[PDB]
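entry26.cif, holding mmCIF, C-alpha atoms:
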data_model
loop_
_atom_site.group_PDB
_atom_site.id
_atom_site.type_symbol
_atom_site.label_atom_id
_atom_site.label_comp_id
_atom_site.auth_asym_id
_atom_site.auth_seq_id
_atom_site.Cartn_x
_atom_site.Cartn_y
_atom_site.Cartn_z
ATOM 1 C CA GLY W 1 -26.117 -41.015 113.056
ATOM 2 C CA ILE W 2 -23.674 -41.423 115.964
ATOM 3 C CA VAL W 3 -21.345 -38.404 115.932
ATOM 4 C CA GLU W 4 -24.079 -35.757 115.798
ATOM 5 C CA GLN W 5 -26.012 -37.883 118.322
ATOM 6 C CA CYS W 6 -23.296 -38.443 120.956
ATOM 7 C CA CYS W 7 -21.206 -35.305 120.301
ATOM 8 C CA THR W 8 -24.158 -33.019 121.099
ATOM 9 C CA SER W 9 -25.006 -33.991 124.684
ATOM 10 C CA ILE W 10 -23.248 -37.357 125.160
ATOM 11 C CA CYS W 11 -25.212 -40.562 124.488
ATOM 12 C CA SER W 12 -26.342 -42.965 127.230
ATOM 13 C CA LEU W 13 -24.457 -46.168 128.082
ATOM 14 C CA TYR W 14 -27.282 -48.222 126.520
ATOM 15 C CA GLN W 15 -27.365 -45.988 123.433
ATOM 16 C CA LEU W 16 -23.676 -46.743 122.795
ATOM 17 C CA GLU W 17 -24.353 -50.506 122.877
ATOM 18 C CA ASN W 18 -26.544 -50.096 119.768
ATOM 19 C CA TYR W 19 -23.327 -49.302 117.867
ATOM 20 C CA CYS W 20 -21.338 -52.112 119.562
ATOM 21 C CA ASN W 21 -20.337 -54.961 117.231
ATOM 22 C CA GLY T 1 -5.230 -58.199 113.838
ATOM 23 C CA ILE T 2 -5.033 -54.418 114.337
ATOM 24 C CA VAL T 3 -4.507 -53.778 118.057
ATOM 25 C CA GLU T 4 -1.550 -56.138 118.479
ATOM 26 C CA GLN T 5 -0.264 -54.838 115.119
ATOM 27 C CA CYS T 6 -0.469 -51.069 115.727
ATOM 28 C CA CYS T 7 -0.114 -51.084 119.536
ATOM 29 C CA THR T 8 3.303 -52.774 119.338
ATOM 30 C CA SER T 9 5.328 -50.294 117.273
ATOM 31 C CA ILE T 10 2.668 -48.075 115.635
ATOM 32 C CA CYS T 11 1.412 -48.996 112.151
ATOM 33 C CA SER T 12 2.233 -46.985 109.011
ATOM 34 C CA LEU T 13 -0.165 -44.440 107.488
ATOM 35 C CA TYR T 14 -0.809 -46.830 104.569
ATOM 36 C CA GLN T 15 -1.290 -49.785 106.930
ATOM 37 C CA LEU T 16 -4.094 -47.903 108.711
ATOM 38 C CA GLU T 17 -5.924 -47.336 105.400
ATOM 39 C CA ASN T 18 -6.375 -51.125 105.093
ATOM 40 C CA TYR T 19 -8.761 -50.861 108.063
ATOM 41 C CA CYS T 20 -10.479 -47.707 106.717
ATOM 42 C CA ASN T 21 -14.108 -48.216 105.659
ATOM 43 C CA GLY X 1 -1.365 -18.757 113.015
ATOM 44 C CA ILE X 2 -1.885 -22.484 113.673
ATOM 45 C CA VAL X 3 -4.244 -22.807 116.648
ATOM 46 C CA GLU X 4 -6.944 -20.481 115.306
ATOM 47 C CA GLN X 5 -6.374 -22.098 111.885
ATOM 48 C CA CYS X 6 -6.608 -25.794 112.839
ATOM 49 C CA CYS X 7 -8.841 -25.450 115.926
ATOM 50 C CA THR X 8 -11.645 -23.869 113.878
ATOM 51 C CA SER X 9 -12.408 -26.559 111.292
ATOM 52 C CA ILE X 10 -9.344 -28.851 111.425
ATOM 53 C CA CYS X 11 -6.469 -28.213 108.996
ATOM 54 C CA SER X 12 -5.638 -30.506 106.062
ATOM 55 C CA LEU X 13 -2.865 -33.119 106.189
ATOM 56 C CA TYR X 14 -0.767 -30.982 103.804
ATOM 57 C CA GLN X 15 -1.473 -27.827 105.823
ATOM 58 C CA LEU X 16 -0.007 -29.482 108.933
ATOM 59 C CA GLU X 17 3.231 -30.296 107.073
ATOM 60 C CA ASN X 18 3.871 -26.540 106.712
ATOM 61 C CA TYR X 19 4.417 -26.489 110.492
ATOM 62 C CA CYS X 20 6.493 -29.714 110.480
ATOM 63 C CA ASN X 21 10.169 -29.220 111.372
ATOM 64 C CA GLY Y 1 -5.190 -48.790 145.775
ATOM 65 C CA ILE Y 2 -6.746 -47.700 142.457
ATOM 66 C CA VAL Y 3 -3.891 -46.756 140.112
ATOM 67 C CA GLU Y 4 -1.880 -49.954 140.575
ATOM 68 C CA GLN Y 5 -5.203 -51.844 140.461
ATOM 69 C CA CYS Y 6 -6.712 -50.360 137.277
ATOM 70 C CA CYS Y 7 -3.465 -49.418 135.491
ATOM 71 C CA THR Y 8 -2.267 -53.044 135.486
ATOM 72 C CA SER Y 9 -5.029 -54.828 133.553
ATOM 73 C CA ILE Y 10 -7.942 -52.343 133.613
ATOM 74 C CA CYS Y 11 -10.544 -52.640 136.384
ATOM 75 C CA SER Y 12 -14.124 -53.830 135.797
ATOM 76 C CA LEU Y 13 -17.075 -51.441 135.437
ATOM 77 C CA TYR Y 14 -18.347 -52.531 138.878
ATOM 78 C CA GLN Y 15 -14.871 -52.166 140.406
ATOM 79 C CA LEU Y 16 -14.767 -48.511 139.309
ATOM 80 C CA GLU Y 17 -18.093 -47.808 141.062
ATOM 81 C CA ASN Y 18 -16.406 -48.610 144.401
ATOM 82 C CA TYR Y 19 -14.388 -45.405 143.911
ATOM 83 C CA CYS Y 20 -17.415 -43.393 142.692
ATOM 84 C CA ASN Y 21 -18.538 -40.638 145.080
ATOM 85 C CA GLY H 1 16.631 -35.428 124.457
ATOM 86 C CA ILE H 2 13.061 -34.827 125.676
ATOM 87 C CA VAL H 3 10.997 -37.889 124.726
ATOM 88 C CA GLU H 4 13.355 -40.472 126.236
ATOM 89 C CA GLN H 5 13.787 -38.087 129.196
ATOM 90 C CA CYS H 6 10.124 -37.365 130.023
ATOM 91 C CA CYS H 7 8.585 -40.594 128.664
ATOM 92 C CA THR H 8 10.652 -42.730 131.056
ATOM 93 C CA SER H 9 9.592 -41.425 134.474
ATOM 94 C CA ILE H 10 7.915 -38.071 133.694
ATOM 95 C CA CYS H 11 10.027 -34.895 133.834
ATOM 96 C CA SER H 12 9.667 -32.239 136.552
ATOM 97 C CA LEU H 13 7.690 -29.017 136.045
ATOM 98 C CA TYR H 14 10.970 -27.044 135.965
ATOM 99 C CA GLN H 15 12.551 -29.538 133.551
ATOM 100 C CA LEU H 16 9.722 -28.925 131.063
ATOM 101 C CA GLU H 17 10.349 -25.155 131.144
ATOM 102 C CA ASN H 18 13.811 -25.782 129.638
ATOM 103 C CA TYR H 19 11.995 -26.815 126.445
ATOM 104 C CA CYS H 20 9.485 -23.925 126.638
ATOM 105 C CA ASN H 21 9.878 -21.311 123.886
ATOM 106 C CA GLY S 1 -17.770 -25.272 141.234
ATOM 107 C CA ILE S 2 -14.784 -26.620 139.266
ATOM 108 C CA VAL S 3 -16.089 -27.839 135.900
ATOM 109 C CA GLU S 4 -17.975 -24.657 134.999
ATOM 110 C CA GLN S 5 -14.997 -22.706 136.399
ATOM 111 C CA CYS S 6 -12.129 -24.435 134.555
ATOM 112 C CA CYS S 7 -14.061 -25.617 131.473
ATOM 113 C CA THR S 8 -14.995 -22.038 130.540
ATOM 114 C CA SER S 9 -11.596 -20.372 130.113
ATOM 115 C CA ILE S 10 -9.173 -22.770 131.854
ATOM 116 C CA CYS S 11 -8.313 -22.162 135.521
ATOM 117 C CA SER S 12 -4.898 -20.939 136.715
ATOM 118 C CA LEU S 13 -2.227 -23.282 138.101
ATOM 119 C CA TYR S 14 -2.835 -21.858 141.602
ATOM 120 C CA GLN S 15 -6.615 -22.160 141.200
ATOM 121 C CA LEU S 16 -6.246 -25.901 140.536
ATOM 122 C CA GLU S 17 -4.274 -26.372 143.780
ATOM 123 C CA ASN S 18 -7.395 -25.311 145.726
ATOM 124 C CA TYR S 19 -8.969 -28.593 144.572
ATOM 125 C CA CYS S 20 -5.790 -30.632 145.235
ATOM 126 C CA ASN S 21 -6.092 -33.138 148.096
ATOM 127 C CA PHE C 1 1.146 -51.277 131.242
ATOM 128 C CA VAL C 2 -2.636 -51.654 130.609
ATOM 129 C CA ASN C 3 -2.631 -51.626 126.804
ATOM 130 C CA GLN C 4 -5.296 -52.508 124.204
ATOM 131 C CA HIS C 5 -8.270 -51.400 126.367
ATOM 132 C CA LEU C 6 -6.276 -48.177 126.882
ATOM 133 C CA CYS C 7 -4.094 -48.224 123.731
ATOM 134 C CA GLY C 8 -6.865 -48.769 121.161
ATOM 135 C CA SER C 9 -8.611 -45.574 122.360
ATOM 136 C CA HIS C 10 -5.760 -43.652 120.720
ATOM 137 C CA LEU C 11 -5.188 -45.930 117.707
ATOM 138 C CA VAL C 12 -8.696 -45.017 116.554
ATOM 139 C CA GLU C 13 -7.882 -41.295 116.878
ATOM 140 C CA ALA C 14 -5.254 -41.691 114.148
ATOM 141 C CA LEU C 15 -7.436 -44.160 112.217
ATOM 142 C CA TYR C 16 -10.306 -41.782 111.383
ATOM 143 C CA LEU C 17 -7.712 -38.981 111.122
ATOM 144 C CA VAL C 18 -6.157 -40.794 108.155
ATOM 145 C CA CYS C 19 -9.615 -41.674 106.818
ATOM 146 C CA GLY C 20 -10.794 -38.088 107.328
ATOM 147 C CA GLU C 21 -14.556 -38.195 106.705
ATOM 148 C CA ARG C 22 -14.580 -41.932 105.918
ATOM 149 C CA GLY C 23 -15.305 -44.415 108.727
ATOM 150 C CA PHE C 24 -13.633 -47.623 109.946
ATOM 151 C CA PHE C 25 -14.383 -50.807 111.903
ATOM 152 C CA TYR C 26 -12.432 -51.246 115.151
ATOM 153 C CA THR C 27 -12.461 -54.702 116.771
ATOM 154 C CA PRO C 28 -10.065 -55.000 119.766
ATOM 155 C CA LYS C 29 -10.447 -58.788 119.918
ATOM 156 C CA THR C 30 -8.054 -61.259 118.259
ATOM 157 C CA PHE E 1 -14.977 -25.522 118.269
ATOM 158 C CA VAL E 2 -13.555 -28.161 115.847
ATOM 159 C CA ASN E 3 -15.821 -31.087 116.736
ATOM 160 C CA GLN E 4 -16.475 -34.458 115.046
ATOM 161 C CA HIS E 5 -12.928 -34.838 113.629
ATOM 162 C CA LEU E 6 -11.772 -34.025 117.184
ATOM 163 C CA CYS E 7 -14.862 -35.132 119.156
ATOM 164 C CA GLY E 8 -15.244 -38.625 117.653
ATOM 165 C CA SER E 9 -11.693 -39.506 118.785
ATOM 166 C CA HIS E 10 -13.057 -39.530 122.347
ATOM 167 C CA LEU E 11 -16.527 -40.952 121.622
ATOM 168 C CA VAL E 12 -14.795 -44.143 120.480
ATOM 169 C CA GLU E 13 -12.829 -44.301 123.754
ATOM 170 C CA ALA E 14 -16.108 -44.740 125.642
ATOM 171 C CA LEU E 15 -17.565 -46.928 122.870
ATOM 172 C CA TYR E 16 -15.116 -49.846 123.162
ATOM 173 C CA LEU E 17 -14.994 -49.174 126.929
ATOM 174 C CA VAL E 18 -18.684 -50.089 127.136
ATOM 175 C CA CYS E 19 -18.160 -52.967 124.693
ATOM 176 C CA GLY E 20 -15.089 -54.129 126.629
ATOM 177 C CA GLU E 21 -13.510 -56.816 124.428
ATOM 178 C CA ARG E 22 -16.191 -56.540 121.720
ATOM 179 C CA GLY E 23 -15.609 -54.222 118.747
ATOM 180 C CA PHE E 24 -17.670 -51.526 117.013
ATOM 181 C CA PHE E 25 -17.990 -49.708 113.677
ATOM 182 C CA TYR E 26 -17.344 -45.947 113.778
ATOM 183 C CA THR E 27 -18.406 -43.903 110.732
ATOM 184 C CA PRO E 28 -18.071 -40.107 111.271
ATOM 185 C CA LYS E 29 -20.025 -39.307 108.098
ATOM 186 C CA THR E 30 -23.770 -38.568 108.016
ATOM 187 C CA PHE J 1 -15.862 -24.271 125.301
ATOM 188 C CA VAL J 2 -12.274 -23.865 126.646
ATOM 189 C CA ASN J 3 -10.348 -24.224 123.384
ATOM 190 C CA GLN J 4 -6.712 -23.518 122.434
ATOM 191 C CA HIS J 5 -5.273 -24.370 125.889
ATOM 192 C CA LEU J 6 -7.335 -27.578 125.595
ATOM 193 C CA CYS J 7 -7.614 -27.848 121.784
ATOM 194 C CA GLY J 8 -3.910 -27.474 120.927
ATOM 195 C CA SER J 9 -3.092 -30.502 123.126
ATOM 196 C CA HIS J 10 -4.766 -32.631 120.440
ATOM 197 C CA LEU J 11 -3.677 -30.639 117.368
ATOM 198 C CA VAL J 12 -0.092 -31.576 118.244
ATOM 199 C CA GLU J 13 -1.051 -35.269 118.425
ATOM 200 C CA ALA J 14 -1.921 -35.165 114.718
ATOM 201 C CA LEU J 15 0.998 -32.826 113.957
ATOM 202 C CA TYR J 16 3.829 -35.208 114.901
ATOM 203 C CA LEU J 17 1.656 -38.078 113.600
ATOM 204 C CA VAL J 18 1.870 -36.562 110.115
ATOM 205 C CA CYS J 19 5.550 -35.726 110.650
ATOM 206 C CA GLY J 20 6.208 -39.232 111.988
ATOM 207 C CA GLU J 21 9.766 -39.099 113.357
ATOM 208 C CA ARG J 22 10.286 -35.447 112.374
ATOM 209 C CA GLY J 23 9.547 -32.718 114.939
ATOM 210 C CA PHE J 24 7.582 -29.448 114.852
ATOM 211 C CA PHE J 25 7.316 -26.086 116.632
ATOM 212 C CA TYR J 26 4.002 -25.403 118.397
ATOM 213 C CA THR J 27 3.294 -21.820 119.510
ATOM 214 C CA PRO J 28 -0.286 -21.317 120.831
ATOM 215 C CA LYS J 29 0.058 -17.521 120.832
ATOM 216 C CA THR J 30 -1.100 -15.265 117.978
ATOM 217 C CA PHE M 1 4.002 -50.654 124.625
ATOM 218 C CA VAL M 2 4.073 -48.273 121.598
ATOM 219 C CA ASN M 3 5.655 -45.232 123.250
ATOM 220 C CA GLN M 4 7.162 -42.010 121.839
ATOM 221 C CA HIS M 5 4.837 -41.845 118.788
ATOM 222 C CA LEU M 6 2.012 -42.361 121.315
ATOM 223 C CA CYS M 7 3.694 -41.014 124.484
ATOM 224 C CA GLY M 8 4.871 -37.655 123.098
ATOM 225 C CA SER M 9 1.260 -36.758 122.176
ATOM 226 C CA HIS M 10 0.623 -36.392 125.915
ATOM 227 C CA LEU M 11 4.016 -34.959 126.930
ATOM 228 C CA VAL M 12 3.185 -31.925 124.796
ATOM 229 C CA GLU M 13 -0.165 -31.526 126.585
ATOM 230 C CA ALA M 14 1.716 -30.843 129.829
ATOM 231 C CA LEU M 15 4.430 -28.874 128.004
ATOM 232 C CA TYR M 16 2.240 -26.003 126.760
ATOM 233 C CA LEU M 17 0.210 -26.344 129.985
ATOM 234 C CA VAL M 18 3.303 -25.322 131.954
ATOM 235 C CA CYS M 19 4.164 -22.690 129.338
ATOM 236 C CA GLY M 20 0.565 -21.434 129.333
ATOM 237 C CA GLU M 21 0.395 -18.985 126.411
ATOM 238 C CA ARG M 22 4.070 -19.437 125.484
ATOM 239 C CA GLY M 23 5.010 -22.026 122.842
ATOM 240 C CA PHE M 24 7.612 -24.806 122.636
ATOM 241 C CA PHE M 25 9.535 -26.903 120.098
ATOM 242 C CA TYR M 26 8.839 -30.655 120.182
ATOM 243 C CA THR M 27 11.247 -32.936 118.294
ATOM 244 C CA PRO M 28 10.588 -36.675 118.921
ATOM 245 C CA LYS M 29 13.865 -37.707 117.270
ATOM 246 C CA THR M 30 17.112 -38.365 119.170
ATOM 247 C CA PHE U 1 6.609 -46.727 130.032
ATOM 248 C CA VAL U 2 5.765 -43.652 132.193
ATOM 249 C CA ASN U 3 2.560 -44.910 133.819
ATOM 250 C CA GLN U 4 0.480 -43.635 136.766
ATOM 251 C CA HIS U 5 1.292 -39.925 136.190
ATOM 252 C CA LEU U 6 0.297 -40.605 132.561
ATOM 253 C CA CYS U 7 -2.010 -43.623 133.055
ATOM 254 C CA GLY U 8 -4.267 -42.147 135.762
ATOM 255 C CA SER U 9 -5.187 -39.252 133.431
ATOM 256 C CA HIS U 10 -7.185 -41.793 131.408
ATOM 257 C CA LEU U 11 -8.425 -43.969 134.293
ATOM 258 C CA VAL U 12 -10.355 -40.939 135.534
ATOM 259 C CA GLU U 13 -11.941 -40.488 132.090
ATOM 260 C CA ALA U 14 -13.654 -43.865 132.490
ATOM 261 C CA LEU U 15 -14.265 -43.263 136.208
ATOM 262 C CA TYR U 16 -16.621 -40.274 135.877
ATOM 263 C CA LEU U 17 -17.964 -41.877 132.669
ATOM 264 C CA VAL U 18 -19.270 -44.785 134.753
ATOM 265 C CA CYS U 19 -20.405 -42.377 137.481
ATOM 266 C CA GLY U 20 -22.041 -40.115 134.883
ATOM 267 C CA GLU U 21 -23.026 -36.980 136.820
ATOM 268 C CA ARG U 22 -21.707 -38.304 140.149
ATOM 269 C CA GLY U 23 -18.141 -37.442 141.210
ATOM 270 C CA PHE U 24 -15.202 -39.471 142.548
ATOM 271 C CA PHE U 25 -11.984 -39.078 144.556
ATOM 272 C CA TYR U 26 -8.757 -39.874 142.681
ATOM 273 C CA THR U 27 -5.576 -40.304 144.752
ATOM 274 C CA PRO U 28 -2.583 -41.556 142.680
ATOM 275 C CA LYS U 29 -0.504 -42.264 145.794
ATOM 276 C CA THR U 30 -0.270 -45.687 147.473
ATOM 277 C CA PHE P 1 -20.078 -29.021 121.947
ATOM 278 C CA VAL P 2 -20.517 -31.873 124.504
ATOM 279 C CA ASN P 3 -18.536 -30.394 127.405
ATOM 280 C CA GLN P 4 -18.250 -31.348 131.099
ATOM 281 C CA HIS P 5 -18.757 -35.110 130.530
ATOM 282 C CA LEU P 6 -16.051 -34.739 127.852
ATOM 283 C CA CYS P 7 -14.228 -31.636 129.169
ATOM 284 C CA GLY P 8 -13.688 -32.805 132.767
ATOM 285 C CA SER P 9 -11.786 -35.877 131.488
ATOM 286 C CA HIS P 10 -8.984 -33.479 130.524
ATOM 287 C CA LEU P 11 -9.316 -31.025 133.432
ATOM 288 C CA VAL P 12 -8.347 -33.887 135.746
ATOM 289 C CA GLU P 13 -5.253 -34.610 133.625
ATOM 290 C CA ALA P 14 -3.894 -31.169 134.533
ATOM 291 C CA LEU P 15 -5.250 -31.426 138.092
ATOM 292 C CA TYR P 16 -3.122 -34.373 139.257
ATOM 293 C CA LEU P 17 -0.308 -33.036 137.035
ATOM 294 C CA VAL P 18 -0.158 -29.920 139.222
ATOM 295 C CA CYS P 19 -0.609 -32.044 142.353
ATOM 296 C CA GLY P 20 2.052 -34.499 141.153
ATOM 297 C CA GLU P 21 1.847 -37.427 143.594
ATOM 298 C CA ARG P 22 -0.934 -35.836 145.674
ATOM 299 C CA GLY P 23 -4.570 -36.677 144.864
ATOM 300 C CA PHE P 24 -7.734 -34.607 144.349
ATOM 301 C CA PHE P 25 -11.536 -34.895 144.484
ATOM 302 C CA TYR P 26 -13.355 -34.354 141.172
ATOM 303 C CA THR P 27 -17.131 -33.809 141.312
ATOM 304 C CA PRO P 28 -18.637 -32.813 137.913
ATOM 305 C CA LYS P 29 -21.984 -31.872 139.478
ATOM 306 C CA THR P 30 -22.956 -28.322 140.495
#

In structure tokens, what does this structure look like?
Amino acid sequence: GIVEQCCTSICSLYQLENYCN
Amino acid sequence: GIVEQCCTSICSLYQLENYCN
Amino acid sequence: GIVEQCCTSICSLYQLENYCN
Amino acid sequence: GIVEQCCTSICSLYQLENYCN
Amino acid sequence: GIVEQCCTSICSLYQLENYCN
Amino acid sequence: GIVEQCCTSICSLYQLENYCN
Amino acid sequence: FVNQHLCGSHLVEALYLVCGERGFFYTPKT
Amino acid sequence: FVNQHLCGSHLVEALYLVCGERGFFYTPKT
Amino acid sequence: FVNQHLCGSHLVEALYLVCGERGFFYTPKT
Amino acid sequence: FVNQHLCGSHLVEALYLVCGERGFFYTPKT
Amino acid sequence: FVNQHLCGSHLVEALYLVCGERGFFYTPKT
Amino acid sequence: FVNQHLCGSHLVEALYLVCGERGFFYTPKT
């Protein structure tokens, strides 16, 4: 989801926006 | 809301649960 | 002791109390 | 310089780039 | 004690040793 | 350089000074 | 004294710590 | 290597940093 | 994967968080 | 300005950093 | 309110986060 | 195990802690 996706090799700045509110 | 409430004098363990999902 | 016990898979809230003063 | 500038009200994303290498 | 002493203006490296075990 | 050197087994206090400004 | 943008980063650490595996919604905006 | 419960605490720091004043929902549970 | 010297720094954050005002002894040495 | 409960979490990081492998007792209570 | 010596430690976290792989020079001394 | 981009953020905390008021150059790029 987000943990296993960003805590594996860090997500990209744009990828983090997808989770922004 | 939550920042001004817990970043002023720290909230209580039970108070944080209110924001839990 | 405590590091190898909680830095392996995180200890439980009650397990941390054992180390509380 | 940078500390008194970003540790007062947080700098902007573009302002931080100025210090990037 | 230690919090009000080091969380006011940061303690010195030698001052922290006094609390070392 | 410094990341792969200190993020592998932590560098020594003197080793960090080499990177100090 | 930059708080909120720097304080919230640590409020969340305790938030999901109390929730454990559960999740939570963090909105740093009154 | 305790991750997730210890890793997420810092993923959120960058999350609301990119959002700035906006908020976000963090659910550390597949 | 530098742990312990870097991991303990955050284990203590949750330690005194659970203790609240109480204190605790942290010895990162088997 | 929530300090102590949020400040001590980082004072300990430098504490055991100076001690290295040694340990220390942290009591956030005057 | 110990800032700078304690605040800079987190300003750098966002610094190299914005730089990504690039580096940066941090001098906490006016 | 996301390191470097997440590990360096804490290596710098000890870096300027050892330097005190001095500064340092951090380049997370071999």

Residue list as a PDB file with C-alpha atoms, keeping the file's coordinate frame for point (-7.4, -46.9, 125.1), cut-off 10 Å, only C-alpha atoms:
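Here's the written file selection.pdb:
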ATOM      1  CA  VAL C   2      -2.636 -51.654 130.609  1.00  0.00           C
ATOM      2  CA  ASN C   3      -2.631 -51.626 126.804  1.00  0.00           C
ATOM      3  CA  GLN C   4      -5.296 -52.508 124.204  1.00  0.00           C
ATOM      4  CA  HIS C   5      -8.270 -51.400 126.367  1.00  0.00           C
ATOM      5  CA  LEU C   6      -6.276 -48.177 126.882  1.00  0.00           C
ATOM      6  CA  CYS C   7      -4.094 -48.224 123.731  1.00  0.00           C
ATOM      7  CA  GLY C   8      -6.865 -48.769 121.161  1.00  0.00           C
ATOM      8  CA  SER C   9      -8.611 -45.574 122.360  1.00  0.00           C
ATOM      9  CA  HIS C  10      -5.760 -43.652 120.720  1.00  0.00           C
ATOM     10  CA  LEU C  11      -5.188 -45.930 117.707  1.00  0.00           C
ATOM     11  CA  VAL C  12      -8.696 -45.017 116.554  1.00  0.00           C
ATOM     12  CA  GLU C  13      -7.882 -41.295 116.878  1.00  0.00           C
TER      13      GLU C  13
ATOM     14  CA  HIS E  10     -13.057 -39.530 122.347  1.00  0.00           C
ATOM     15  CA  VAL E  12     -14.795 -44.143 120.480  1.00  0.00           C
ATOM     16  CA  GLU E  13     -12.829 -44.301 123.754  1.00  0.00           C
ATOM     17  CA  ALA E  14     -16.108 -44.740 125.642  1.00  0.00           C
ATOM     18  CA  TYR E  16     -15.116 -49.846 123.162  1.00  0.00           C
ATOM     19  CA  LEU E  17     -14.994 -49.174 126.929  1.00  0.00           C
TER      20      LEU E  17
ATOM     21  CA  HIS U  10      -7.185 -41.793 131.408  1.00  0.00           C
ATOM     22  CA  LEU U  11      -8.425 -43.969 134.293  1.00  0.00           C
TER      23      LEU U  11
END

Ground truth for the PyMOL selection byres ((chain W and resi 3-12) around 6), written as a VMD selection string: (chain W and resid 2 13 to 15) or (chain E and resid 28) or (chain P and resid 1 to 2)

Using only C-alpha atoms, please write the residues we just selected to a file, as a PDB file, keeping the file's coordinate frame.
ATOM      1  CA  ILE W   2     -23.674 -41.423 115.964  1.00  0.00           C
ATOM      2  CA  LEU W  13     -24.457 -46.168 128.082  1.00  0.00           C
ATOM      3  CA  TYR W  14     -27.282 -48.222 126.520  1.00  0.00           C
ATOM      4  CA  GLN W  15     -27.365 -45.988 123.433  1.00  0.00           C
TER       5      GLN W  15
ATOM      6  CA  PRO E  28     -18.071 -40.107 111.271  1.00  0.00           C
TER       7      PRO E  28
ATOM      8  CA  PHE P   1     -20.078 -29.021 121.947  1.00  0.00           C
ATOM      9  CA  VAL P   2     -20.517 -31.873 124.504  1.00  0.00           C
TER      10      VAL P   2
END

Neighbour list for residue E:23 as a PyMOL selection string, cut-off 10 Å, all atoms listed in the file, skip fewer than 2 positions in-chain: (chain W and resi 19-21) or (chain C and resi 25-29) or (chain E and resi 15-21+25-26)

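Pairwise distance (atom CA of residue T:17, atom CA of residue C:22) equals 10.2 Å.
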
Take chain S, lay it over chain Y with a least-squares fit on all the Cα atoms in order, then hand it over as a compact mmCIF listing (two decimals) with C-alpha atoms, keeping the file's coordinate frame.
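Final file, superposed_12.txt:
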# COMPACT_ATOMS: atom_id res chain seq x y z
CA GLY S 1 -5.19 -48.79 145.78
CA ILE S 2 -6.74 -47.70 142.46
CA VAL S 3 -3.89 -46.76 140.11
CA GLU S 4 -1.88 -49.96 140.58
CA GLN S 5 -5.20 -51.85 140.46
CA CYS S 6 -6.71 -50.37 137.27
CA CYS S 7 -3.46 -49.42 135.49
CA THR S 8 -2.27 -53.04 135.48
CA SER S 9 -5.03 -54.82 133.55
CA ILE S 10 -7.94 -52.34 133.61
CA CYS S 11 -10.55 -52.64 136.38
CA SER S 12 -14.13 -53.83 135.80
CA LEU S 13 -17.07 -51.44 135.43
CA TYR S 14 -18.35 -52.53 138.88
CA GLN S 15 -14.87 -52.17 140.41
CA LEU S 16 -14.77 -48.52 139.31
CA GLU S 17 -18.10 -47.80 141.06
CA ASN S 18 -16.41 -48.61 144.40
CA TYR S 19 -14.39 -45.40 143.91
CA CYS S 20 -17.42 -43.39 142.69
CA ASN S 21 -18.54 -40.63 145.08

Axis-aligned box for stretch 13-17 of chain Y, 5 Å per side, centre and edges in Å as AutoDock Vina command-line options:
--center_x -16.6 --center_y -50.2 --center_z 138.2 --size_x 13.6 --size_y 14.7 --size_z 15.6

Between atom CA of residue W:1 and atom CA of residue X:16, measure the distance and give it in Å to one decimal.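 Going from atom CA of residue W:1 over to atom CA of residue X:16 covers 28.8 Å.
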